[PDB]
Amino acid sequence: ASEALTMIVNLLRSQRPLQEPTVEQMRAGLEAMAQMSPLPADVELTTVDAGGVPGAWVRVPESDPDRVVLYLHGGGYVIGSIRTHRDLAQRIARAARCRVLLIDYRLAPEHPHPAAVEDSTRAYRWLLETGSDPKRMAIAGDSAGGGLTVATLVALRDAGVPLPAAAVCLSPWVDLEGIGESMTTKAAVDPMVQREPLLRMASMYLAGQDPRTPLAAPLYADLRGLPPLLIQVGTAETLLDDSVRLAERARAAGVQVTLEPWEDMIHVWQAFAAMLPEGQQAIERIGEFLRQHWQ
């Protein structure tokens, strides 16, 4: 991997964003880290009420105004915000040549499952209500937001809502128990995600609900009929086997899955694209995949 990976690893091993002592310190810590990425002057951000869910439209000069990604940020269902993920959103907008709707879905512990899924589905329905066409749409998200992407598709499908052209999951979190093999075998190389913080956040999100509740943990959901999926994951991830198991489940359900394991990459490495070449390479691939499914 690029030597730049070492710089990102060193940042993460010191900041330990998922290990802050309180939820508010975790939230603030991630916001502080996100501030480090230079947000380009050509990005246009417009706040919107996306049918009862706050959001921001993220547009760049070459955004096709009729193509839209609904972007579901990471943060364990507990942290993250429009501020933390606006840079990743604009990078995707730029690569896919589309608009991104970045939503502020309800967070746990204040608002446990199923609040996040209610909000994601509501935002998607609002996009349809306001004139976006499924064939020009996609849903994407990282980490918890990658799990949320799958859950949102399931819930939309089950409600008879037309599904979008494609979806993208970046290091998705789909196993709230942390029982994948890599949770043990990649613990040494993962500078961000370990089982203890995952269980901590899962508890906040679940509020005592079964950790295999399908819309919370879509490893246990019925995935038949989902649109083409791209799953990007790094091999230096405790969450590697979340992606592997998701791909297995989706393919078994007839979904057209592309599982892309990026050698030596860390969790949501795409977010570090300002400094990490593989991050920008992976984002370019996301744009290629989306544009292909929108042809």
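Quick note: we count residues from 1 along the sequence shown, nothing fancier.
Averaged over their C-alpha atoms, the temperature factors of 111-119 and 181-189 are higher for 181-189.
The question of which stretch, 60-68 or 239-247, has the higher mean Cα B factor is settled in favour of 60-68. For the set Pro164, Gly208, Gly145, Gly80, the maximum C-alpha B-factor listed in the entry falls on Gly208. In the deposited coordinates, the residue among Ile231, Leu30, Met36, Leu226 with the greatest CA B-factor is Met36.
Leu128 sits in the highest third of its chain by CA B factor, as recorded in the PDB entry.
In the PDB entry, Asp175 places in the lowest third of its chain by CA B-factor.
In the PDB entry, a CA B factor belonging to the middle third of its chain's modelled residues is recorded for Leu11. Per the PDB record, residue ranking by Cα B-factor puts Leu18 in the highest third of the chain. Sort the modelled residues of the chain by CA B factor and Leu276 lands in the highest third.
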